[PDB]
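Source file structure-v6.cif; content: mmCIF, C-alpha atoms and all ligand atoms.
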```
data_run
#
loop_
_atom_site.group_PDB
_atom_site.id
_atom_site.type_symbol
_atom_site.label_atom_id
_atom_site.label_comp_id
_atom_site.auth_asym_id
_atom_site.auth_seq_id
_atom_site.Cartn_x
_atom_site.Cartn_y
_atom_site.Cartn_z
ATOM 1 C CA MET A 1 10.794 23.511 13.601
ATOM 2 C CA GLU A 2 10.375 26.959 15.120
ATOM 3 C CA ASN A 3 8.083 27.659 12.162
ATOM 4 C CA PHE A 4 5.555 25.022 13.201
ATOM 5 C CA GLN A 5 2.955 24.495 15.902
ATOM 6 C CA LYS A 6 1.982 20.932 16.743
ATOM 7 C CA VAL A 7 -1.808 20.656 16.666
ATOM 8 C CA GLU A 8 -2.125 16.979 17.579
ATOM 9 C CA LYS A 9 -0.412 13.614 17.235
ATOM 10 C CA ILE A 10 -1.740 12.010 14.058
ATOM 11 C CA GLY A 11 -0.054 8.635 13.841
ATOM 12 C CA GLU A 12 3.006 6.849 15.161
ATOM 13 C CA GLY A 13 5.394 3.924 14.711
ATOM 14 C CA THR A 14 7.950 2.804 12.141
ATOM 15 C CA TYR A 15 9.786 5.739 10.586
ATOM 16 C CA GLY A 16 8.757 7.966 13.478
ATOM 17 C CA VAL A 17 5.873 9.962 14.922
ATOM 18 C CA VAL A 18 3.475 12.073 12.842
ATOM 19 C CA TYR A 19 1.769 15.238 14.042
ATOM 20 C CA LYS A 20 -0.819 17.542 12.549
ATOM 21 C CA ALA A 21 0.743 20.989 12.718
ATOM 22 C CA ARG A 22 0.266 24.555 11.567
ATOM 23 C CA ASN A 23 2.872 26.844 10.037
ATOM 24 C CA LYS A 24 3.230 29.645 12.616
ATOM 25 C CA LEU A 25 3.702 32.091 9.745
ATOM 26 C CA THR A 26 1.337 31.107 6.929
ATOM 27 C CA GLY A 27 -1.131 29.148 9.025
ATOM 28 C CA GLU A 28 -0.840 26.373 6.461
ATOM 29 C CA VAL A 29 -1.811 23.013 7.943
ATOM 30 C CA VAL A 30 0.571 20.136 7.343
ATOM 31 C CA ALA A 31 1.567 16.666 8.489
ATOM 32 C CA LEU A 32 4.859 16.781 10.409
ATOM 33 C CA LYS A 33 6.876 13.587 10.619
ATOM 34 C CA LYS A 34 9.749 13.167 13.064
ATOM 35 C CA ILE A 35 12.099 10.479 11.744
ATOM 36 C CA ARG A 36 14.028 8.304 14.199
ATOM 37 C CA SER A 46 24.070 10.864 4.537
ATOM 38 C CA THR A 47 22.560 8.362 2.088
ATOM 39 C CA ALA A 48 19.074 8.877 3.535
ATOM 40 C CA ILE A 49 19.278 12.634 2.881
ATOM 41 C CA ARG A 50 19.941 12.279 -0.845
ATOM 42 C CA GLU A 51 17.312 9.546 -1.130
ATOM 43 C CA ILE A 52 14.666 11.581 0.683
ATOM 44 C CA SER A 53 15.517 14.622 -1.435
ATOM 45 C CA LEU A 54 14.983 12.675 -4.652
ATOM 46 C CA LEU A 55 11.494 12.118 -3.264
ATOM 47 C CA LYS A 56 10.622 15.824 -3.210
ATOM 48 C CA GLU A 57 10.687 15.586 -7.011
ATOM 49 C CA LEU A 58 8.429 12.510 -7.219
ATOM 50 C CA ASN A 59 5.270 14.612 -7.452
ATOM 51 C CA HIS A 60 1.945 13.151 -8.523
ATOM 52 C CA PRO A 61 -1.716 13.824 -7.613
ATOM 53 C CA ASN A 62 -1.885 10.361 -6.005
ATOM 54 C CA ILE A 63 1.334 10.707 -4.001
ATOM 55 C CA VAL A 64 1.101 12.641 -0.719
ATOM 56 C CA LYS A 65 3.175 15.705 -1.562
ATOM 57 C CA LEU A 66 6.428 16.095 0.349
ATOM 58 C CA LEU A 67 6.610 19.853 0.985
ATOM 59 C CA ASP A 68 9.928 20.148 2.814
ATOM 60 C CA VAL A 69 12.773 18.180 4.373
ATOM 61 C CA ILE A 70 14.174 19.732 7.548
ATOM 62 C CA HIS A 71 17.471 18.352 8.856
ATOM 63 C CA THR A 72 18.614 19.893 12.142
ATOM 64 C CA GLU A 73 20.525 18.757 15.223
ATOM 65 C CA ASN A 74 20.936 15.256 13.777
ATOM 66 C CA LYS A 75 17.130 15.167 13.585
ATOM 67 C CA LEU A 76 15.139 14.684 10.379
ATOM 68 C CA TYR A 77 11.704 16.271 9.925
ATOM 69 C CA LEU A 78 9.488 15.671 6.908
ATOM 70 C CA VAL A 79 6.754 18.178 6.087
ATOM 71 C CA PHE A 80 3.874 16.746 4.090
ATOM 72 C CA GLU A 81 0.644 17.894 2.502
ATOM 73 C CA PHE A 82 -2.096 17.145 5.083
ATOM 74 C CA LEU A 83 -4.936 14.686 4.421
ATOM 75 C CA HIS A 84 -7.761 14.094 6.890
ATOM 76 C CA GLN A 85 -8.045 10.327 7.048
ATOM 77 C CA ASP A 86 -6.442 7.024 6.112
ATOM 78 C CA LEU A 87 -8.104 4.090 4.355
ATOM 79 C CA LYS A 88 -7.935 1.909 7.477
ATOM 80 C CA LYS A 89 -10.182 4.294 9.422
ATOM 81 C CA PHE A 90 -12.474 4.727 6.401
ATOM 82 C CA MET A 91 -12.883 0.953 5.994
ATOM 83 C CA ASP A 92 -13.590 0.527 9.699
ATOM 84 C CA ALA A 93 -16.208 3.250 9.315
ATOM 85 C CA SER A 94 -17.701 1.398 6.335
ATOM 86 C CA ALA A 95 -17.633 -2.120 7.793
ATOM 87 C CA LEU A 96 -21.431 -2.247 8.223
ATOM 88 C CA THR A 97 -22.259 -1.747 4.543
ATOM 89 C CA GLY A 98 -18.790 -1.814 2.998
ATOM 90 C CA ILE A 99 -17.385 0.716 0.528
ATOM 91 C CA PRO A 100 -19.476 1.013 -2.695
ATOM 92 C CA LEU A 101 -17.922 -0.728 -5.728
ATOM 93 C CA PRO A 102 -17.672 2.494 -7.787
ATOM 94 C CA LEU A 103 -15.583 3.994 -4.973
ATOM 95 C CA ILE A 104 -13.451 0.862 -4.548
ATOM 96 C CA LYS A 105 -12.747 0.862 -8.301
ATOM 97 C CA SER A 106 -11.946 4.575 -8.267
ATOM 98 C CA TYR A 107 -9.477 4.204 -5.397
ATOM 99 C CA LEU A 108 -7.759 1.218 -7.036
ATOM 100 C CA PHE A 109 -7.559 3.060 -10.363
ATOM 101 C CA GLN A 110 -5.988 6.118 -8.734
ATOM 102 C CA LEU A 111 -3.447 4.096 -6.742
ATOM 103 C CA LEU A 112 -2.417 2.182 -9.859
ATOM 104 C CA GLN A 113 -1.924 5.552 -11.556
ATOM 105 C CA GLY A 114 0.198 6.572 -8.580
ATOM 106 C CA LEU A 115 2.177 3.348 -8.734
ATOM 107 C CA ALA A 116 2.648 3.467 -12.497
ATOM 108 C CA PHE A 117 4.281 6.855 -11.890
ATOM 109 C CA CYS A 118 6.702 5.906 -9.105
ATOM 110 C CA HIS A 119 7.540 2.689 -10.909
ATOM 111 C CA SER A 120 8.353 4.555 -14.118
ATOM 112 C CA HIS A 121 10.883 6.501 -12.037
ATOM 113 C CA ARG A 122 12.332 3.289 -10.605
ATOM 114 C CA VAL A 123 10.907 4.041 -7.172
ATOM 115 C CA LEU A 124 9.011 1.445 -5.181
ATOM 116 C CA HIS A 125 6.964 1.956 -2.051
ATOM 117 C CA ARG A 126 7.666 -1.508 -0.568
ATOM 118 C CA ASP A 127 5.173 -1.130 2.288
ATOM 119 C CA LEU A 128 1.697 -0.432 0.961
ATOM 120 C CA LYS A 129 -1.120 -0.860 3.495
ATOM 121 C CA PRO A 130 -4.518 0.735 4.352
ATOM 122 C CA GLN A 131 -2.882 2.807 7.103
ATOM 123 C CA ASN A 132 -0.711 4.690 4.612
ATOM 124 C CA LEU A 133 -3.294 5.345 1.920
ATOM 125 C CA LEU A 134 -4.852 8.740 2.641
ATOM 126 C CA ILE A 135 -8.137 10.171 1.372
ATOM 127 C CA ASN A 136 -9.851 13.565 1.125
ATOM 128 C CA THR A 137 -13.439 14.746 0.655
ATOM 129 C CA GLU A 138 -12.757 15.246 -3.067
ATOM 130 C CA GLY A 139 -12.669 11.487 -3.660
ATOM 131 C CA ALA A 140 -8.906 11.309 -4.117
ATOM 132 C CA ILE A 141 -6.686 8.721 -2.437
ATOM 133 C CA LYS A 142 -2.922 9.062 -2.133
ATOM 134 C CA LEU A 143 0.158 7.000 -1.343
ATOM 135 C CA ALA A 144 1.972 8.072 1.796
ATOM 136 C CA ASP A 145 5.040 6.928 3.709
ATOM 137 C CA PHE A 146 7.121 5.941 0.706
ATOM 138 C CA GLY A 147 10.746 6.222 1.767
ATOM 139 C CA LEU A 148 13.363 3.616 0.841
ATOM 140 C CA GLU A 162 8.320 -4.702 16.124
ATOM 141 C CA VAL A 163 4.695 -4.156 15.117
ATOM 142 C CA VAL A 164 4.724 -3.781 11.347
ATOM 143 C CA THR A 165 1.999 -5.663 9.513
ATOM 144 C CA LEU A 166 3.159 -8.408 7.144
ATOM 145 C CA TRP A 167 -0.375 -8.753 5.780
ATOM 146 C CA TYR A 168 0.491 -7.012 2.519
ATOM 147 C CA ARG A 169 3.979 -8.382 1.985
ATOM 148 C CA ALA A 170 4.694 -9.944 -1.414
ATOM 149 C CA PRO A 171 5.783 -13.626 -1.436
ATOM 150 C CA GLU A 172 9.200 -12.941 -3.037
ATOM 151 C CA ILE A 173 10.108 -10.662 -0.116
ATOM 152 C CA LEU A 174 8.966 -13.349 2.360
ATOM 153 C CA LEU A 175 10.983 -15.985 0.527
ATOM 154 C CA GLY A 176 14.141 -13.902 0.889
ATOM 155 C CA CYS A 177 14.441 -12.256 -2.525
ATOM 156 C CA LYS A 178 17.056 -9.561 -1.956
ATOM 157 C CA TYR A 179 16.473 -7.627 -5.169
ATOM 158 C CA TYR A 180 12.695 -7.598 -5.468
ATOM 159 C CA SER A 181 10.873 -5.406 -8.002
ATOM 160 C CA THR A 182 8.074 -2.886 -8.326
ATOM 161 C CA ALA A 183 5.820 -5.950 -8.623
ATOM 162 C CA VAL A 184 5.755 -6.100 -4.824
ATOM 163 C CA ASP A 185 3.658 -2.923 -4.739
ATOM 164 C CA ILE A 186 1.182 -4.539 -7.116
ATOM 165 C CA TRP A 187 0.848 -7.508 -4.746
ATOM 166 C CA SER A 188 0.186 -5.252 -1.754
ATOM 167 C CA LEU A 189 -2.380 -3.274 -3.720
ATOM 168 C CA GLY A 190 -4.096 -6.497 -4.745
ATOM 169 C CA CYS A 191 -4.399 -7.475 -1.079
ATOM 170 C CA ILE A 192 -5.857 -4.052 -0.237
ATOM 171 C CA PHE A 193 -8.298 -4.385 -3.174
ATOM 172 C CA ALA A 194 -9.578 -7.709 -1.866
ATOM 173 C CA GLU A 195 -9.864 -6.254 1.637
ATOM 174 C CA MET A 196 -12.020 -3.309 0.494
ATOM 175 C CA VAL A 197 -14.314 -5.725 -1.385
ATOM 176 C CA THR A 198 -14.747 -8.270 1.417
ATOM 177 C CA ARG A 199 -14.242 -5.994 4.455
ATOM 178 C CA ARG A 200 -11.715 -8.458 5.863
ATOM 179 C CA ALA A 201 -7.946 -8.736 5.425
ATOM 180 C CA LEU A 202 -7.032 -11.279 2.729
ATOM 181 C CA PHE A 203 -3.870 -12.714 4.368
ATOM 182 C CA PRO A 204 -3.659 -11.653 8.063
ATOM 183 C CA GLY A 205 -0.358 -13.334 8.889
ATOM 184 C CA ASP A 206 1.021 -12.817 12.377
ATOM 185 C CA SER A 207 4.554 -14.073 11.711
ATOM 186 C CA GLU A 208 6.553 -14.476 8.516
ATOM 187 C CA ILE A 209 5.842 -18.174 8.188
ATOM 188 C CA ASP A 210 2.150 -17.723 9.033
ATOM 189 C CA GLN A 211 1.937 -14.979 6.402
ATOM 190 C CA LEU A 212 3.511 -17.269 3.836
ATOM 191 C CA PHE A 213 1.272 -20.165 4.815
ATOM 192 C CA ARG A 214 -1.893 -18.068 4.608
ATOM 193 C CA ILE A 215 -0.877 -17.137 1.070
ATOM 194 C CA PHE A 216 -0.179 -20.814 0.293
ATOM 195 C CA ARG A 217 -3.520 -22.084 1.606
ATOM 196 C CA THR A 218 -5.421 -19.633 -0.598
ATOM 197 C CA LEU A 219 -3.310 -19.460 -3.780
ATOM 198 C CA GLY A 220 -1.726 -22.904 -3.477
ATOM 199 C CA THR A 221 1.823 -23.817 -2.454
ATOM 200 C CA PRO A 222 3.936 -22.356 -5.284
ATOM 201 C CA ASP A 223 6.183 -24.657 -7.307
ATOM 202 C CA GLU A 224 8.366 -24.583 -10.420
ATOM 203 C CA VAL A 225 5.246 -24.847 -12.579
ATOM 204 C CA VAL A 226 3.602 -21.571 -11.560
ATOM 205 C CA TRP A 227 6.810 -19.884 -10.386
ATOM 206 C CA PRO A 228 10.060 -20.739 -12.215
ATOM 207 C CA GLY A 229 12.988 -20.547 -9.805
ATOM 208 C CA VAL A 230 10.855 -20.386 -6.682
ATOM 209 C CA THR A 231 12.538 -23.497 -5.222
ATOM 210 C CA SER A 232 15.946 -21.852 -5.517
ATOM 211 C CA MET A 233 14.884 -18.926 -3.332
ATOM 212 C CA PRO A 234 16.826 -18.215 -0.076
ATOM 213 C CA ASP A 235 14.049 -19.097 2.383
ATOM 214 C CA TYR A 236 12.170 -21.629 0.264
ATOM 215 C CA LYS A 237 11.953 -25.004 2.016
ATOM 216 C CA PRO A 238 11.156 -28.290 0.182
ATOM 217 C CA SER A 239 9.336 -29.226 3.379
ATOM 218 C CA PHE A 240 6.710 -26.512 2.861
ATOM 219 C CA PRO A 241 3.292 -28.172 3.180
ATOM 220 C CA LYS A 242 1.564 -28.582 -0.199
ATOM 221 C CA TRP A 243 -1.796 -26.779 -0.352
ATOM 222 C CA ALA A 244 -4.082 -26.693 -3.402
ATOM 223 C CA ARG A 245 -5.239 -23.410 -4.954
ATOM 224 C CA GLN A 246 -8.771 -22.084 -4.333
ATOM 225 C CA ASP A 247 -11.026 -20.325 -6.864
ATOM 226 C CA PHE A 248 -11.221 -16.542 -6.565
ATOM 227 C CA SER A 249 -14.987 -16.967 -6.629
ATOM 228 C CA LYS A 250 -14.469 -18.093 -3.036
ATOM 229 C CA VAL A 251 -11.838 -15.474 -2.154
ATOM 230 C CA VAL A 252 -13.655 -12.223 -3.038
ATOM 231 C CA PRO A 253 -17.284 -13.400 -3.777
ATOM 232 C CA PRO A 254 -19.048 -10.060 -4.473
ATOM 233 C CA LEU A 255 -16.404 -9.064 -7.018
ATOM 234 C CA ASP A 256 -17.599 -9.408 -10.613
ATOM 235 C CA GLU A 257 -15.602 -11.382 -13.179
ATOM 236 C CA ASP A 258 -13.627 -8.365 -14.404
ATOM 237 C CA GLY A 259 -12.479 -7.591 -10.872
ATOM 238 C CA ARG A 260 -11.637 -11.198 -10.001
ATOM 239 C CA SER A 261 -9.719 -11.431 -13.263
ATOM 240 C CA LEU A 262 -7.691 -8.338 -12.432
ATOM 241 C CA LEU A 263 -7.075 -9.366 -8.832
ATOM 242 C CA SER A 264 -5.760 -12.782 -9.909
ATOM 243 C CA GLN A 265 -3.240 -11.066 -12.168
ATOM 244 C CA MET A 266 -2.200 -8.756 -9.325
ATOM 245 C CA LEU A 267 -1.672 -11.796 -7.105
ATOM 246 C CA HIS A 268 0.424 -13.845 -9.517
ATOM 247 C CA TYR A 269 3.277 -15.667 -7.781
ATOM 248 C CA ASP A 270 5.874 -14.997 -10.459
ATOM 249 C CA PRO A 271 6.824 -11.339 -10.023
ATOM 250 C CA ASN A 272 7.701 -11.304 -13.732
ATOM 251 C CA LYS A 273 4.180 -12.514 -14.578
ATOM 252 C CA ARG A 274 2.339 -10.256 -12.094
ATOM 253 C CA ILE A 275 0.517 -7.492 -13.982
ATOM 254 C CA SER A 276 2.279 -4.109 -13.995
ATOM 255 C CA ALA A 277 0.431 -0.989 -12.828
ATOM 256 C CA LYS A 278 0.341 0.503 -16.330
ATOM 257 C CA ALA A 279 -1.007 -2.722 -17.828
ATOM 258 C CA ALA A 280 -3.495 -2.920 -14.957
ATOM 259 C CA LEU A 281 -4.816 0.505 -15.924
ATOM 260 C CA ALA A 282 -5.863 -0.983 -19.279
ATOM 261 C CA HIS A 283 -7.831 -3.908 -17.807
ATOM 262 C CA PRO A 284 -11.589 -4.086 -18.703
ATOM 263 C CA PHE A 285 -12.490 -3.781 -14.992
ATOM 264 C CA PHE A 286 -11.823 -0.068 -15.451
ATOM 265 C CA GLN A 287 -14.062 0.110 -18.540
ATOM 266 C CA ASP A 288 -16.627 2.048 -16.498
ATOM 267 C CA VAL A 289 -14.400 3.746 -13.915
ATOM 268 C CA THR A 290 -15.621 6.974 -12.319
ATOM 269 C CA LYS A 291 -14.683 9.232 -9.426
ATOM 270 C CA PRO A 292 -17.386 9.126 -6.721
ATOM 271 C CA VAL A 293 -17.112 11.132 -3.507
ATOM 272 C CA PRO A 294 -16.973 9.285 -0.195
ATOM 273 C CA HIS A 295 -19.007 10.219 2.839
ATOM 274 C CA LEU A 296 -16.427 11.532 5.298
ATOM 275 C CA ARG A 297 -17.330 12.504 8.844
ATOM 276 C CA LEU A 298 -14.330 14.651 9.786
HETATM 277 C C1 LIG B 301 -3.221 5.370 15.199
HETATM 278 O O1 LIG B 301 -4.006 6.456 14.651
HETATM 279 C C2 LIG B 301 -4.188 6.398 13.223
HETATM 280 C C3 LIG B 301 -5.032 7.590 12.769
HETATM 281 N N1 LIG B 301 -5.245 7.558 11.307
HETATM 282 S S1 LIG B 301 -6.219 8.888 10.755
HETATM 283 O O2 LIG B 301 -6.879 9.617 12.010
HETATM 284 O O3 LIG B 301 -7.341 8.331 9.773
HETATM 285 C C4 LIG B 301 -5.179 9.987 9.914
HETATM 286 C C5 LIG B 301 -4.037 9.481 9.254
HETATM 287 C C6 LIG B 301 -3.192 10.377 8.563
HETATM 288 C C7 LIG B 301 -3.486 11.779 8.531
HETATM 289 N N2 LIG B 301 -2.667 12.755 7.840
HETATM 290 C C8 LIG B 301 -1.488 12.728 7.004
HETATM 291 N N3 LIG B 301 -1.387 13.539 5.949
HETATM 292 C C9 LIG B 301 -0.270 13.477 5.201
HETATM 293 C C10 LIG B 301 0.786 12.581 5.507
HETATM 294 C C11 LIG B 301 0.608 11.728 6.665
HETATM 295 C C12 LIG B 301 1.613 10.767 7.070
HETATM 296 C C13 LIG B 301 3.019 10.945 6.856
HETATM 297 N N4 LIG B 301 3.763 9.892 7.319
HETATM 298 C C14 LIG B 301 2.766 9.091 7.807
HETATM 299 C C15 LIG B 301 3.256 7.762 8.421
HETATM 300 N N5 LIG B 301 1.404 9.500 7.723
HETATM 301 C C16 LIG B 301 0.100 8.822 8.152
HETATM 302 C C17 LIG B 301 -0.144 7.506 7.388
HETATM 303 C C18 LIG B 301 0.050 8.585 9.685
HETATM 304 N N6 LIG B 301 -0.551 11.842 7.382
HETATM 305 C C19 LIG B 301 -4.648 12.260 9.209
HETATM 306 C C20 LIG B 301 -5.499 11.365 9.904
#
```

Represent the structure of the file as structure tokens.
Amino acid sequence: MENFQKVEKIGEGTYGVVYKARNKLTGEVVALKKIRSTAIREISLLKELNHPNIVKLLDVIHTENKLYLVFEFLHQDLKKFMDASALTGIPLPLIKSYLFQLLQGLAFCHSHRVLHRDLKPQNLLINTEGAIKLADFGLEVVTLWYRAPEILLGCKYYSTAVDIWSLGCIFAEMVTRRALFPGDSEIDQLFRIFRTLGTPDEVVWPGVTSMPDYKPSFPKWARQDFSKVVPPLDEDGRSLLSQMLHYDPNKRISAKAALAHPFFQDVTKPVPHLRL
């Protein structure tokens, strides 16, 4: 750590505190994360998971029983960018570009059997070049808003499909400028999903009733059309979103397959208006 100079406290919570810092030698600006063995080997395997849409992990510093992660620095997260776009919302071309890039990023980690497990606007970082990247991979006050239903129902060995679900929720949020399922407890989260997509059963989700936390007493809500869930979204988008929000993790579209959906027929890479 003697090689770094803390510039300011970026973010906080969860895995630790994050600071913007400068390398006392090179002057290189980075994101320094102070984390609060197995972890070591797992984190190291991450330094190899390099992709343009994955915030690059520069170094892993383990000293005095303390773990420091040095990352490539990005100037803003999606949360802040959405809040700054609330008045007019993010332009479709830019929403589509971000989704396309994240799917590319996911298709890559998934191919390497790595899942993020906690995708959310706060850990999606953007630059002035129009790129968006996945941050805070890894392996209270944490948002459950983007949690996949299988996790909520107690699935112990959930798949990469959970990242697809989270991304679908983020997609809907960019389009409507409002969180899709803002649960404030695990059961509320589950019930918000149920009220919108319908209480899942053996028909739409084989085996769902045999899940750890599934209760036969769950209220039975009927599904709602996506025309009502994300109105402005054209048919291609609504079609893709519905496949990203499928209950059956085995039926949920994969990232790679998602990249082939017609919604991306006219995908481009616009530049956002960032006021750093
Ligand atoms: C409460 O205040 C929120 C402010 N959000 S922000 O001002 O738009 C903002 C968020 C993140 C960053 N920079 C950043 N770059 C690389 C990795 C990283 C990183 C590495 N590990 C983590 C957890 N992160 C971030 C997601 C914090 N954070 C710069 C500015």

Problem set entry | Nearby residues, ligand LIG 301 (chain B), 6 Å, all atoms listed in the file, as a PyMOL selection string | chain A and resi 10-11+18+31+33+80-86+89+131-132+144-145

Take the selection from the previous step and output its residues with C-alpha atoms, as a short mmCIF file (atom, residue, chain, number, x, y, z; two decimals), in the frame of the given file.
```cif
data_model
loop_
_atom_site.label_atom_id
_atom_site.label_comp_id
_atom_site.auth_asym_id
_atom_site.auth_seq_id
_atom_site.Cartn_x
_atom_site.Cartn_y
_atom_site.Cartn_z
CA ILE A 10 -1.74 12.01 14.06
CA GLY A 11 -0.05 8.64 13.84
CA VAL A 18 3.48 12.07 12.84
CA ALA A 31 1.57 16.67 8.49
CA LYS A 33 6.88 13.59 10.62
CA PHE A 80 3.87 16.75 4.09
CA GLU A 81 0.64 17.89 2.50
CA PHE A 82 -2.10 17.14 5.08
CA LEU A 83 -4.94 14.69 4.42
CA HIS A 84 -7.76 14.09 6.89
CA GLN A 85 -8.04 10.33 7.05
CA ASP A 86 -6.44 7.02 6.11
CA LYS A 89 -10.18 4.29 9.42
CA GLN A 131 -2.88 2.81 7.10
CA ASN A 132 -0.71 4.69 4.61
CA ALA A 144 1.97 8.07 1.80
CA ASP A 145 5.04 6.93 3.71
#
```

Exercise. What residues come out when you apply the PyMOL selection byres (((chain A and resi 98-110) around 10) and not hetatm) to this file, written as a ChimeraX atom specification?
Worked result: /A:61-63,87,90-97,111-116,133,135,139-143,189-190,192-194,196-199,254-256,259,277,280-282,285-286,288-295

For this session: Tell me which protein, DNA and RNA residues are within 12 Å of residue 269 in chain A, counting only C-alpha atoms, leaving out same-chain ones fewer than 3 positions away, and put them as a PyMOL selection string.
Result: chain A and resi 170-175+183-184+186-187+212+215-216+218-230+245+264-266+272-275

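The interatomic distance for the pair CA of residue 267 in chain A and CA of residue 209 in chain A works out to 18.2 Å.
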
For this session: Run through the PyMOL selection byres (((chain A and resi 122) around 12) and not hetatm) on the given coordinates and return the selected residues as number ranges by chain.
Result: A: 54-55, 58, 115-121, 123-125, 148, 181-183

Problem set entry | Proximity to residue 206 in chain A - best of A:239, A:191, A:179, A:168, only C-alpha atoms | A:168

For this session: Please tell me which residues are no farther than 10 Å from (2.1, 24.4, 10.8) in the file, counting only C-alpha atoms, and write them as a PyMOL selection string.
Result: chain A and resi 1-7+19-32+79

Seminar exercise, completed: Computed gap from CA of residue 278 in chain A to CA of residue 232 in chain A is 29.3 Å

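The coordinates place CA of residue 13 in chain A at 20.6 Å from CA of residue 51 in chain A.
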
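Closest approach to residue 64 in chain A among A:14, A:136, A:261, A:211: A:136, based on all atoms listed in the file.
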
Please define a box with edges along x, y and z of the file around all atoms of range 22-46 of chain A given in the file, extend it by 4 Å on each side, and return its centre and edge lengths in Å to one decimal, as JSON.
```
{"center_x": 11.1, "center_y": 20.2, "center_z": 9.4, "size_x": 33.9, "size_y": 31.8, "size_z": 17.7}
```

For this session: Would you write out, as a PyMOL selection string, every residue that the PyMOL selection byres (((chain A and resi 35) around 12) and not hetatm) captures in this file?
Result: chain A and resi 12-19+32-34+36+48-49+52+69-72+74-79+145+147

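Nearest to residue 56 in chain A of all the residues A:250, A:166, A:202, A:146 is A:146, based on all atoms listed in the file.
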
Problem set entry | From A:185, A:195, A:231, A:244, residue lying nearest residue 276 in chain A [all atoms listed in the file] | A:185
